[PDB]
Structures are given as structure tokens and as C-alpha cells.
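In the entry's author numbering, the protein residues as written are 33 to 37, 54 to 68, 87 to 118, 138 to 386. Quick reminder that beta carbons are idealized off the backbone N, C-alpha and C, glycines included. Remarks on the structure that follows.
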């Protein structure tokens with residue numbers, strides 16, 4: 033039997065319909099009959115399915150459901166679609182809100198906005214994994230099994246704590262609000278470049294470019310040791326790829342666009358090395374330094 037009458057429901061999505087409400091497409095959920103044509107239906111759309138019985142079906146909405154670990158370990162249910170098409174990546178600093186519950190709706194952990202580097206995780210394994218599939222502003226409910234929750238050890242009540250019983254499943258509202266792209270720079274990847282402000286179209290200095298920059302250097306506890314090229318100072322310009330500046334700033338700016346603002350995390354072998362740098366404070370030997378960099382303009386080689 034068959035049917036006559054831009055996006056579509058997939059396998060396992062949560063469809064809402066008028067016929068003559088509201089189920090998991092194509093699981094065990096209706097008479098194994100008429101499921102199998104709702105998946106060609108569009109939102110507004112109005113089909114009449116004929117089974118050898139007739140069904141006037143208005144597909145109202147759906148919510149997608151995603152088996153993101155390929156495991157049934159985490160099912161992601163998208164309750165608000167996010168924007169555009171990028172998902173954040175391991176080295177990204179993401180900003181999120183979530184509320185994690187036990188199956189019985191007991192809130193164990195919750196947050197109204199928290200940033201983390203995605204590869205470091207947060208909360209439990211499920212979060213890092215969910216966000217790596219999520220668009221900006223995506224809001225989801227995650228059905229999490231123990232191995233992506235807190236395992237066997239579960240989790241004790243500390244504060245603001247809910248004990249998670251060893252081997253519990255979890256239900257998590259998660260919203261990916263926004264993120265900042267970290268690229269790993271050097272042969273090494275030891276230099277982190279976090280975009281604060283995206284620059285303008287495509288072009289990047291090349292080796293030997295003369296580059297105008299504003300820079301602010303800080304130690305990891307936030308002490309400013311250097312300011313250079315800011316508006317209240319003479320401008321600061323250097324040629325790139327000549328060791329005109331510490332190596333991590335040279336490599337960062339080669340990967341920067343005009344007008345880009347970046348935080349650049351520079352281990353001491355790419356910075357001041359093993360001797361002290363007496364600036365606004367002293368750079369103690371063996372410091373990783375964070376450099377706020379604004380690529381003002383440049384003239385390619």
C-alpha cells in the first residue's frame with residue numbers, strides 16, 4: 033500500500065501527527099503498517115496513506150533523536166535546532182547550560198552557563214560528546230547510559246551534588262550557547278590560538294609579511310607583563326618569520342586574519358624560555374604566557 037497528497057523525519061524521530087498524536091517513527095510504535103511513509107512527509111504536509138484502510142495524516146512537527154555514540158549509549162533529542170552548521174571541536178572552549186537528572190527526575194547537577202575546553206570534558210563523558218555534534222544554540226535532552234554517565238563508581242554527593250548511584254542512567258538538558266575556536270599551532274601543536282574576535286576575509290600573513298599588531302602578554306594568573314602597539318603607545322609592527330618576536334607570537338600571527346583578536350597560549354619554549362624577562366612584572370623562567378593579540382593590518386611578502 034501507498035500514498036498521494054524541505055526537510056523530512058528520519059527513522060526513530062519523535063513525530064506529532066493528526067490522523068483519521088504522537089510517536090517514535092518506525093520503531094515498534096504503530097501497527098508496522100503506516101510508519102513507513104511518514105518519513106517522506108514534510109512539516110506542514112498533508113498526506114493520505116492507503117493500506118490494503139485510509140489515513141489522512143497531517144505531520145505536525147517532529148524532534149530528531151540521534152544515537153551519537155552509535156551505542157544507544159547517548160541518545161540526543163534536539164528540542165531546539167541551533168544555528169548554521171559548525172559543531173565545536175575538542176580544543177574549543179564551549180559555553181553551555183545543562184541540568185542533569187536521574188531517571189526519576191532527581192536533579193543531581195545543573196548549570197546556568199559554564200565554559201570548558203571540550204577535550205577536558207565537563208560533568209560526565211556525555212557532555213563533551215554531545216556538544217561535538219551540536220550547533221550553536223542547539224538545545225537537547227540527552228538519555229545517558231552509565232558508561233557515559235559516571236560508570237560503576239557513580240558519584241558521591243558533595244555540593245551542589247546529587248549522588249549518582251553506581252550504574253545509573255541520566256537525563257540531561259543541555260544547551261550549547263556559543264564557543265571560541267582554538268586552533269593548535271606549531272609542528273608540535275603546543276601553541277593554542279583561541280579566536281576572541283574573528284577577523285575579516287580569508288587572507289593571512291605569509292612568512293616575511295610586515296604585520297601591525299596590538300599585544301598584551303600575561304602570566305597564567307593574569308598578571309600583565311607586556312603591552313605593546315596599543316593606541317596610547319607607538320604602533321608595533323614586525324616582520325613575520327624572522328624571529329622578530331617570541332616564536333609563539335610569530336606562529337600565531339601567521340594564522341591570523343585582519344582584525345582578528347586571539348588569545349594565544351605559549352609554552353616557555355615558544356616564549357621566554359628558561360631565563361627571566363623583566364617587563365611590567367618579571368617573566369619567571371619556564372612560564373607559559375598568554376598573549377592577547379590583535380592583528381591590525383599587514384602587507385604580504
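- The residues 219, 220, 221, 222, 223, 261, in chain order, have a CB closer than 7 Å to that of residue 167 in the same chain once the five nearest residues on each side in sequence are set aside.
- Measuring C-alpha to C-alpha distances from residue 147 to each of 62, 99, 157, 90 identifies 62 as the nearest.
- Annotation for residue 336: the continuous alpha helix (DSSP H) segment containing it runs 332-339.
- In this structure residue 242 is exposed. Its beta-carbon is surrounded by fewer than 16 other beta-carbon atoms within 10 angstroms.
- Judged by DSSP in its simplified three-state form, residue 103 adopts helix.
- Under DSSP, residue 376 forms a beta bridge with 302, 349.
- Restricting attention to alpha helix (DSSP H) runs no shorter than 4 residues, the stretch 171-228 encloses them at 210-216, ordered along the chain.
- A distance of 9 Å or more separates the beta carbons of residue 345 and residue 335.
- In the DSSP assignment, residue 363 forms a beta bridge with 367.
- No residue range can be given for residue 315, since it is assigned to no beta strand (DSSP E) and is classified by DSSP as neither H nor E.
- Residue 297 is positioned such that its CB atom lies no closer than 9 Å to that of residue 366.
- Counting along the chain, residue 113 sits inside the beta strand (DSSP E) bounded by residues 112-116.
- Nearest in C-alpha terms to residue 56, of all of 33, 89, 104, is 104.
- Secondary structure note for residue 323: its beta strand (DSSP E) is the uninterrupted segment 322-324.
- According to the DSSP assignment, residue 261 belongs to the beta strand (DSSP E) that extends over 255-265.
- A straight-line Cα-Cα distance of about 19 Å links residue 176 and residue 355.
- In the three-state reduction of the DSSP assignment, residue 139 falls in the strand class.
- As computed with DSSP, residue 148 is found in a beta bridge with 62.
- Separation of residue 115 and residue 348 (C-alpha to C-alpha, rounded to the nearest whole angstrom) is 57 Å.
- Leaving aside the five residues that flank residue 142 on each side, the residues in its chain whose CB is nearer than 8 Å to its CB run, in chain order, 65, 66, 67, 100, 104, 107, 112, 113, 114, 115.
- Residue 35 sits in a strand when the DSSP states are folded into three classes.
- Ranking 93, 376, 338 by CA distance to the CA of residue 352 puts 376 first.
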